[PDB]
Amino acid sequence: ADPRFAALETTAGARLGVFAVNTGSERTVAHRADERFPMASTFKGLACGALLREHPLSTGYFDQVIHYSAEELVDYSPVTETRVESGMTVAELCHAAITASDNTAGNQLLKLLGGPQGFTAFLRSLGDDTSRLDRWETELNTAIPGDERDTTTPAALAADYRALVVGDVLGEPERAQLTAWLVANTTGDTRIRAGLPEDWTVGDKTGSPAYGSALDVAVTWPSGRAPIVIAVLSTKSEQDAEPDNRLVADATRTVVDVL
């Protein structure tokens, strides 16, 4: 393994999990890639993918309006709080869940999927027998060390995003829309995006649960080359620790250098 990852995590006082795959050559880079970390808001992109697979755009399903109540609003609901009166279409909830990380939007997608259990069943349907979602927003962010609830691994998370964005799990309109939402993410500018060459196209989904956790998963296209899928998950030993965005960016640049 490349010694940069051990130095990165030791200096940052964090446990660092990395998995990246060049989908053209199949070369990989892995550090703690099979260890569990919180999945947290990285579930939101997968939940959109699950709904897109269960209800293709051509059915009209994404045009229906969900009339969620004000009582269902949880902490950090930047879009959904502004639309309680009118409701939001499923497509708008997906946009909010991915690009703004809206927590009520995430719960609304979970409801349509049959809750955390139905979402986890979708992960199994991708061949992911490791990741699991157990709770709703915002309890799923507790990130207690050792607790397997609401966890993934760098390798499993990368595989799932690869299958939905690069691979052929979804139909073509659904794959394109999921890709567009990830590329339009607004929450990731200091994480994986900050470690990549400026010219690469990037779509990503972040999360920042407790225990100083900084998570990001991305698909990136170097100019005219096959995409690279990158998962970088980090967490710390103290509940109230500070997430380290620059750790995610630095691990990403290390991946670029190795691949």
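When you see a residue number, it is the position in the sequence shown, counting from 1.
Mind pulling up the entry and telling me whether 38 to 46 or 22 to 30 has the higher mean Cα temperature factor?
-> Taking the mean B-factor of the alpha carbons in each, 22 to 30 is higher.
With respect to the recorded C-alpha B factors, which stretch has the higher mean value, 94 to 102 or 75 to 83?
-> Of 75 to 83 and 94 to 102, the stretch with the higher C-alpha B-factor average is 75 to 83.
Tell me which of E174, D150, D128, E139 tops the list for C-alpha B factor in the record.
-> Checking the PDB record, the top C-alpha B-factor among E174, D150, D128, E139 is at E139.
Whose CA atom has the top B-factor in the entry, of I228, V65, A210, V217?
-> Result of the comparison over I228, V65, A210, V217: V65.
Please place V169 in the lowest, middle or highest third of its chain by C-alpha B factor as given in the entry.
-> It falls in the middle third of the chain.
Comparing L52 with the other modelled residues of its chain, is its CA B-factor in the lowest, middle or highest third?
-> Within its chain, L52 is a lowest-third residue by C-alpha B-factor, going by the deposited values.
Considering only modelled residues of the same chain, in which third does the CA B-factor of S223 rank: lowest, middle or highest?
-> Highest third - that is where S223 ends up once the chain's C-alpha B-factors are sorted.
Mind checking which third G115 falls in for C-alpha B-factor across the chain?
-> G115: CA B-factor falls in the middle third of its chain.
For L157, does the deposited CA B-factor place it in the lowest, middle or highest third of the chain?
-> Lowest third - that is where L157 ends up once the chain's C-alpha B-factors are sorted.
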